[PDB]
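> The following file, run_25.csv, comprises CSV, C-alpha atoms and all ligand atoms:
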```
chain,number,residue,atom,x,y,z
A,1,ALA,CA,25.5,26.7,89.9
A,2,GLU,CA,23.1,29.1,91.7
A,3,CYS,CA,22.9,27.0,94.9
A,4,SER,CA,26.1,25.0,94.5
A,5,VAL,CA,29.8,25.1,94.4
A,6,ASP,CA,32.5,22.8,93.0
A,7,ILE,CA,35.5,22.4,95.2
A,8,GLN,CA,38.8,20.6,94.6
A,9,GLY,CA,41.3,19.3,97.1
A,10,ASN,CA,44.6,18.5,95.4
A,11,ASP,CA,48.0,16.9,95.9
A,12,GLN,CA,49.4,20.1,97.3
A,13,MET,CA,47.1,20.0,100.3
A,14,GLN,CA,45.0,23.0,99.2
A,15,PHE,CA,41.4,23.5,98.4
A,16,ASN,CA,41.0,25.5,95.2
A,17,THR,CA,39.1,28.2,97.2
A,18,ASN,CA,39.2,29.8,100.7
A,19,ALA,CA,35.8,31.4,100.5
A,20,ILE,CA,32.4,30.1,99.8
A,21,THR,CA,29.3,32.4,99.6
A,22,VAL,CA,25.8,31.0,99.9
A,23,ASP,CA,22.9,32.9,98.5
A,24,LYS,CA,20.3,33.8,101.3
A,25,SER,CA,17.7,33.0,98.7
A,26,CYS,CA,18.8,29.3,98.6
A,27,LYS,CA,16.6,26.4,99.8
A,28,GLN,CA,19.5,23.9,100.0
A,29,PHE,CA,23.2,24.1,99.2
A,30,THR,CA,25.3,21.5,97.4
A,31,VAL,CA,29.2,21.2,97.6
A,32,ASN,CA,30.7,19.0,95.0
A,33,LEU,CA,34.1,17.8,96.0
A,34,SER,CA,36.7,16.2,93.7
A,35,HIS,CA,40.3,15.2,94.0
A,36,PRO,CA,42.3,16.0,90.8
A,37,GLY,CA,45.6,14.7,92.3
A,38,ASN,CA,47.4,11.3,92.0
A,39,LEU,CA,47.6,10.4,95.7
A,40,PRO,CA,45.4,7.9,97.3
A,41,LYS,CA,43.0,8.5,100.3
A,42,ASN,CA,45.8,7.6,102.9
A,43,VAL,CA,48.4,9.8,101.6
A,44,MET,CA,46.3,12.9,100.7
A,45,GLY,CA,42.6,12.1,101.5
A,46,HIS,CA,40.3,15.1,101.6
A,47,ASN,CA,36.8,15.6,102.9
A,48,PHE,CA,34.7,18.8,103.0
A,49,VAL,CA,33.5,19.5,106.5
A,50,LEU,CA,31.4,22.5,107.7
A,51,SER,CA,30.9,23.7,111.2
A,52,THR,CA,30.7,27.0,113.1
A,53,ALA,CA,34.1,28.6,113.5
A,54,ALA,CA,34.2,27.8,117.3
A,55,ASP,CA,33.4,24.1,116.7
A,56,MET,CA,36.2,23.7,114.0
A,57,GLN,CA,39.1,22.9,116.4
A,58,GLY,CA,37.0,20.2,118.2
A,59,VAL,CA,35.8,18.7,114.9
A,60,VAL,CA,39.4,18.4,113.6
A,61,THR,CA,41.0,17.0,116.9
A,62,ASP,CA,38.2,14.4,117.5
A,63,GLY,CA,38.4,13.6,113.7
A,64,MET,CA,42.1,12.7,113.8
A,65,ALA,CA,41.3,10.5,116.9
A,66,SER,CA,38.6,8.8,114.9
A,67,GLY,CA,40.9,7.3,112.4
A,68,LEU,CA,41.1,6.7,108.6
A,69,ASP,CA,38.3,4.0,108.6
A,70,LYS,CA,35.8,6.6,109.9
A,71,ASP,CA,37.0,9.2,107.3
A,72,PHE,CA,38.8,11.1,110.1
A,73,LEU,CA,35.5,12.4,111.5
A,74,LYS,CA,33.8,11.6,114.9
A,75,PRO,CA,30.7,9.5,114.1
A,76,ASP,CA,27.4,11.3,114.7
A,77,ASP,CA,29.0,14.7,115.6
A,78,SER,CA,26.3,17.3,116.0
A,79,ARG,CA,28.9,20.0,115.5
A,80,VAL,CA,29.1,19.1,111.8
A,81,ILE,CA,26.6,21.0,109.7
A,82,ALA,CA,27.7,19.3,106.5
A,83,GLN,CA,30.2,16.7,105.5
A,84,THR,CA,31.4,14.7,102.6
A,85,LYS,CA,33.2,11.4,102.6
A,86,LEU,CA,36.9,11.3,102.6
A,87,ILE,CA,38.2,11.0,99.0
A,88,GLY,CA,41.5,10.3,97.2
A,89,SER,CA,42.7,10.8,93.7
A,90,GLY,CA,40.1,10.5,91.0
A,91,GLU,CA,37.2,10.2,93.4
A,92,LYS,CA,34.4,12.7,93.9
A,93,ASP,CA,31.6,13.1,96.5
A,94,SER,CA,28.8,15.7,96.9
A,95,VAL,CA,26.8,16.9,100.0
A,96,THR,CA,23.6,18.9,100.1
A,97,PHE,CA,22.3,20.5,103.3
A,98,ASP,CA,19.4,22.9,104.4
A,99,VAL,CA,20.3,26.6,104.5
A,100,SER,CA,18.3,26.8,107.8
A,101,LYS,CA,21.2,25.0,109.6
A,102,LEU,CA,23.1,28.2,108.8
A,103,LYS,CA,21.9,29.8,112.1
A,104,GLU,CA,21.5,33.6,111.7
A,105,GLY,CA,24.2,34.8,114.1
A,106,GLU,CA,27.1,32.4,113.3
A,107,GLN,CA,30.5,32.6,111.7
A,108,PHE,CA,31.1,29.5,109.5
A,109,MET,CA,34.2,27.6,108.5
A,110,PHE,CA,34.9,24.8,106.1
A,111,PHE,CA,38.0,22.5,106.3
A,112,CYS,CA,39.4,19.1,105.7
A,113,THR,CA,39.9,16.9,108.7
A,114,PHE,CA,42.7,14.6,107.3
A,115,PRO,CA,45.5,15.0,109.9
A,116,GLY,CA,47.5,18.2,109.4
A,117,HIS,CA,45.4,19.4,106.4
A,118,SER,CA,43.4,22.1,108.1
A,119,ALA,CA,46.5,24.2,108.5
A,120,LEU,CA,45.9,25.2,104.8
A,121,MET,CA,42.7,23.5,104.0
A,122,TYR,CA,40.1,25.9,105.6
A,123,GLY,CA,38.0,28.8,104.7
A,124,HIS,CA,35.0,30.8,105.6
A,125,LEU,CA,31.5,30.2,104.4
A,126,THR,CA,29.1,33.1,104.5
A,127,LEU,CA,25.4,33.3,104.0
A,128,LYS,CA,24.9,36.5,101.9
B,201,CU,CU,42.6,17.0,103.1
```
Let me see whether you can do it: turn the structure in this file into structure tokens.
Ligand SMILES: [Cu+2]

Amino acid sequence: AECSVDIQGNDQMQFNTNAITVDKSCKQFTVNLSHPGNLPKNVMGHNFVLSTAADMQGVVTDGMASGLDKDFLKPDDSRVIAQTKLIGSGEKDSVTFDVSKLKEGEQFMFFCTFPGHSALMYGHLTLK
């Protein structure tokens, strides 16, 4: 766990954390998502989605439009820096992405795009 983090989305519509810190010195970064709840993907599905803070509202809105079968994410959305699959209870999914896509002057935000969830399920990711 030098260039990774483990993150859980649960039945209470929260991520375990609201802040991720990525070490400047990292080549790649991995986010390992799991769902320690009991609810299935339709009731309480979570993904881990990374964009700039300005792109977050568009990513969420177009995601909802996109529907459950597409993991509530617009296909091929260039705003998304990193994404997992949408997961339900007992599932897990990781994503690895290049630190270079963390462009030097940006503010970054992570969030779930399952409808409604981003009200609580969001945080900041900072390259440090
Ligand atoms: Cu969620």
> Which of these, A:59, A:31, A:26, A:86, has the shortest distance to residue 4 of chain A once you count all atoms listed in the file?
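With all atoms listed in the file as the atom set, the closest residue is A:31.
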> May I ask you to write as a CSV table (one decimal) with C-alpha atoms, keeping the file's coordinate frame all residues lying at most 8 Å from ligand CU 201 (chain B), with only C-alpha atoms and all ligand atoms counted?

```csv
chain,number,residue,atom,x,y,z
A,9,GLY,CA,41.3,19.3,97.1
A,13,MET,CA,47.1,20.0,100.3
A,14,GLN,CA,45.0,23.0,99.2
A,44,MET,CA,46.3,12.9,100.7
A,45,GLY,CA,42.6,12.1,101.5
A,46,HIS,CA,40.3,15.1,101.6
A,47,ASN,CA,36.8,15.6,102.9
A,111,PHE,CA,38.0,22.5,106.3
A,112,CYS,CA,39.4,19.1,105.7
A,113,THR,CA,39.9,16.9,108.7
A,114,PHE,CA,42.7,14.6,107.3
A,115,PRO,CA,45.5,15.0,109.9
A,117,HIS,CA,45.4,19.4,106.4
A,118,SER,CA,43.4,22.1,108.1
A,121,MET,CA,42.7,23.5,104.0
```
> Distance atom CA of residue 37 of chain A-atom CA of residue 11 of chain A, one decimal place?
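Separating atom CA of residue 37 of chain A from atom CA of residue 11 of chain A is a distance of 4.9 Å.
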> Compile the contact shell of segment 5-8 of chain A as an mmCIF file with C-alpha atoms, keeping the file's coordinate frame: residues with an atom at most 8 Å away, counting only C-alpha atoms, same-chain residues fewer than 6 positions apart removed.

```
data_model
loop_
_atom_site.group_PDB
_atom_site.id
_atom_site.type_symbol
_atom_site.label_atom_id
_atom_site.label_comp_id
_atom_site.auth_asym_id
_atom_site.auth_seq_id
_atom_site.Cartn_x
_atom_site.Cartn_y
_atom_site.Cartn_z
ATOM 1 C CA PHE A 15 41.400 23.500 98.400
ATOM 2 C CA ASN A 16 41.000 25.500 95.200
ATOM 3 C CA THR A 17 39.100 28.200 97.200
ATOM 4 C CA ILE A 20 32.400 30.100 99.800
ATOM 5 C CA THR A 30 25.300 21.500 97.400
ATOM 6 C CA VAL A 31 29.200 21.200 97.600
ATOM 7 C CA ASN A 32 30.700 19.000 95.000
ATOM 8 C CA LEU A 33 34.100 17.800 96.000
ATOM 9 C CA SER A 34 36.700 16.200 93.700
ATOM 10 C CA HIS A 35 40.300 15.200 94.000
ATOM 11 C CA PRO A 36 42.300 16.000 90.800
#
```
> Provide the atom CA of residue 94 of chain A to atom CA of residue 49 of chain A distance in Å, to one decimal place.
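Taking atom CA of residue 94 of chain A and atom CA of residue 49 of chain A, their separation equals 11.3 Å.
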> Suppose you want the space between atom CA of residue 28 of chain A and atom CA of residue 55 of chain A; what is it in Å?
21.7 Å
> Which residue, A:123, A:68, A:51, A:81, has the smallest gap to residue 100 of chain A when you use all atoms listed in the file?
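Going through A:123, A:68, A:51, A:81 one by one, the smallest distance to residue 100 of chain A is for A:81.
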> Smallest atom-to-atom distance to residue 71 of chain A: which of A:42, A:89, A:57, A:18, using only C-alpha atoms?
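Selected residue with least distance to residue 71 of chain A: A:42.
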> Which of these, A:99, A:87, A:125, A:53, has the shortest distance to residue 25 of chain A once you count only C-alpha atoms?
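Looking only at the distances to residue 25 of chain A, the closest residue turns out to be A:99.
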> Pick the closest to residue 40 of chain A from A:61, A:54, A:10, A:27: which is it, counting all atoms listed in the file?
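Checking each of A:61, A:54, A:10, A:27 against residue 40 of chain A, counting all atoms listed in the file, the winner is A:10.
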> Looking at all atoms listed in the file, which of A:80, A:120, A:95, A:19 is the one that sits closest to residue 56 of chain A?
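Ranking A:80, A:120, A:95, A:19 by distance to residue 56 of chain A, first place goes to A:80.
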> Complete segment 61-80 of chain A with N, CA, C and O atoms (output as a PDB file, in the coordinates of the input).

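Ended up saving to result.pdb:
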```pdb
ATOM      1  N   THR A  61      40.311  17.775 115.822  1.00  0.00           N
ATOM      2  CA  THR A  61      41.000  17.000 116.900  1.00  0.00           C
ATOM      3  C   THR A  61      40.296  15.635 117.136  1.00  0.00           C
ATOM      4  O   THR A  61      40.969  14.619 117.156  1.00  0.00           O
ATOM      5  N   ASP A  62      38.978  15.626 117.338  1.00  0.00           N
ATOM      6  CA  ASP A  62      38.200  14.400 117.500  1.00  0.00           C
ATOM      7  C   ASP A  62      38.246  13.596 116.151  1.00  0.00           C
ATOM      8  O   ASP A  62      38.252  12.378 116.174  1.00  0.00           O
ATOM      9  N   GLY A  63      38.258  14.282 114.994  1.00  0.00           N
ATOM     10  CA  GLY A  63      38.400  13.600 113.700  1.00  0.00           C
ATOM     11  C   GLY A  63      39.663  12.740 113.560  1.00  0.00           C
ATOM     12  O   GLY A  63      39.648  11.536 113.207  1.00  0.00           O
ATOM     13  N   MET A  64      40.783  13.388 113.850  1.00  0.00           N
ATOM     14  CA  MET A  64      42.100  12.700 113.800  1.00  0.00           C
ATOM     15  C   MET A  64      41.962  11.457 114.736  1.00  0.00           C
ATOM     16  O   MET A  64      42.161  10.341 114.257  1.00  0.00           O
ATOM     17  N   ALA A  65      41.549  11.642 116.000  1.00  0.00           N
ATOM     18  CA  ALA A  65      41.300  10.500 116.900  1.00  0.00           C
ATOM     19  C   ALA A  65      40.494   9.371 116.319  1.00  0.00           C
ATOM     20  O   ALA A  65      40.652   8.180 116.715  1.00  0.00           O
ATOM     21  N   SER A  66      39.606   9.727 115.379  1.00  0.00           N
ATOM     22  CA  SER A  66      38.600   8.800 114.900  1.00  0.00           C
ATOM     23  C   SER A  66      39.128   7.780 113.951  1.00  0.00           C
ATOM     24  O   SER A  66      38.561   6.718 113.824  1.00  0.00           O
ATOM     25  N   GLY A  67      40.128   8.178 113.195  1.00  0.00           N
ATOM     26  CA  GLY A  67      40.900   7.300 112.400  1.00  0.00           C
ATOM     27  C   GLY A  67      40.472   7.210 110.928  1.00  0.00           C
ATOM     28  O   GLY A  67      39.340   7.584 110.619  1.00  0.00           O
ATOM     29  N   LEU A  68      41.342   6.730 110.066  1.00  0.00           N
ATOM     30  CA  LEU A  68      41.100   6.700 108.600  1.00  0.00           C
ATOM     31  C   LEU A  68      39.755   5.944 108.261  1.00  0.00           C
ATOM     32  O   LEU A  68      39.009   6.412 107.414  1.00  0.00           O
ATOM     33  N   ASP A  69      39.439   4.846 108.954  1.00  0.00           N
ATOM     34  CA  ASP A  69      38.300   4.000 108.600  1.00  0.00           C
ATOM     35  C   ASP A  69      36.955   4.777 108.812  1.00  0.00           C
ATOM     36  O   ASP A  69      35.937   4.370 108.280  1.00  0.00           O
ATOM     37  N   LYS A  70      36.987   5.838 109.623  1.00  0.00           N
ATOM     38  CA  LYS A  70      35.800   6.600 109.900  1.00  0.00           C
ATOM     39  C   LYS A  70      35.940   7.977 109.127  1.00  0.00           C
ATOM     40  O   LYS A  70      35.344   8.950 109.547  1.00  0.00           O
ATOM     41  N   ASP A  71      36.750   8.030 108.090  1.00  0.00           N
ATOM     42  CA  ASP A  71      37.000   9.200 107.300  1.00  0.00           C
ATOM     43  C   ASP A  71      37.529  10.443 108.099  1.00  0.00           C
ATOM     44  O   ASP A  71      37.361  11.617 107.718  1.00  0.00           O
ATOM     45  N   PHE A  72      38.174  10.134 109.219  1.00  0.00           N
ATOM     46  CA  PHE A  72      38.800  11.100 110.100  1.00  0.00           C
ATOM     47  C   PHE A  72      37.711  12.124 110.604  1.00  0.00           C
ATOM     48  O   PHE A  72      37.933  13.338 110.674  1.00  0.00           O
ATOM     49  N   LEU A  73      36.585  11.572 111.040  1.00  0.00           N
ATOM     50  CA  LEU A  73      35.500  12.400 111.500  1.00  0.00           C
ATOM     51  C   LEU A  73      34.863  11.581 112.654  1.00  0.00           C
ATOM     52  O   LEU A  73      34.648  10.366 112.488  1.00  0.00           O
ATOM     53  N   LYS A  74      34.594  12.236 113.785  1.00  0.00           N
ATOM     54  CA  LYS A  74      33.800  11.600 114.900  1.00  0.00           C
ATOM     55  C   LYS A  74      32.440  11.249 114.338  1.00  0.00           C
ATOM     56  O   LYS A  74      31.723  12.157 113.820  1.00  0.00           O
ATOM     57  N   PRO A  75      32.058   9.944 114.439  1.00  0.00           N
ATOM     58  CA  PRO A  75      30.700   9.500 114.100  1.00  0.00           C
ATOM     59  C   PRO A  75      29.652  10.312 114.855  1.00  0.00           C
ATOM     60  O   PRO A  75      29.827  10.586 116.083  1.00  0.00           O
ATOM     61  N   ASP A  76      28.576  10.655 114.159  1.00  0.00           N
ATOM     62  CA  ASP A  76      27.400  11.300 114.700  1.00  0.00           C
ATOM     63  C   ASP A  76      27.688  12.632 115.507  1.00  0.00           C
ATOM     64  O   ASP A  76      27.175  12.839 116.598  1.00  0.00           O
ATOM     65  N   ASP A  77      28.536  13.493 114.942  1.00  0.00           N
ATOM     66  CA  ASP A  77      29.000  14.700 115.600  1.00  0.00           C
ATOM     67  C   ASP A  77      28.087  15.779 115.285  1.00  0.00           C
ATOM     68  O   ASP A  77      28.005  16.205 114.116  1.00  0.00           O
ATOM     69  N   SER A  78      27.403  16.302 116.295  1.00  0.00           N
ATOM     70  CA  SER A  78      26.300  17.300 116.000  1.00  0.00           C
ATOM     71  C   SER A  78      26.887  18.604 115.721  1.00  0.00           C
ATOM     72  O   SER A  78      26.148  19.496 115.369  1.00  0.00           O
ATOM     73  N   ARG A  79      28.206  18.751 115.826  1.00  0.00           N
ATOM     74  CA  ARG A  79      28.900  20.000 115.500  1.00  0.00           C
ATOM     75  C   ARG A  79      28.952  20.191 113.933  1.00  0.00           C
ATOM     76  O   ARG A  79      29.125  21.309 113.375  1.00  0.00           O
ATOM     77  N   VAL A  80      28.871  19.084 113.233  1.00  0.00           N
ATOM     78  CA  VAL A  80      29.100  19.100 111.800  1.00  0.00           C
ATOM     79  C   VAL A  80      27.843  19.456 111.119  1.00  0.00           C
ATOM     80  O   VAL A  80      26.907  18.710 111.259  1.00  0.00           O
TER      81      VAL A  80
END
```
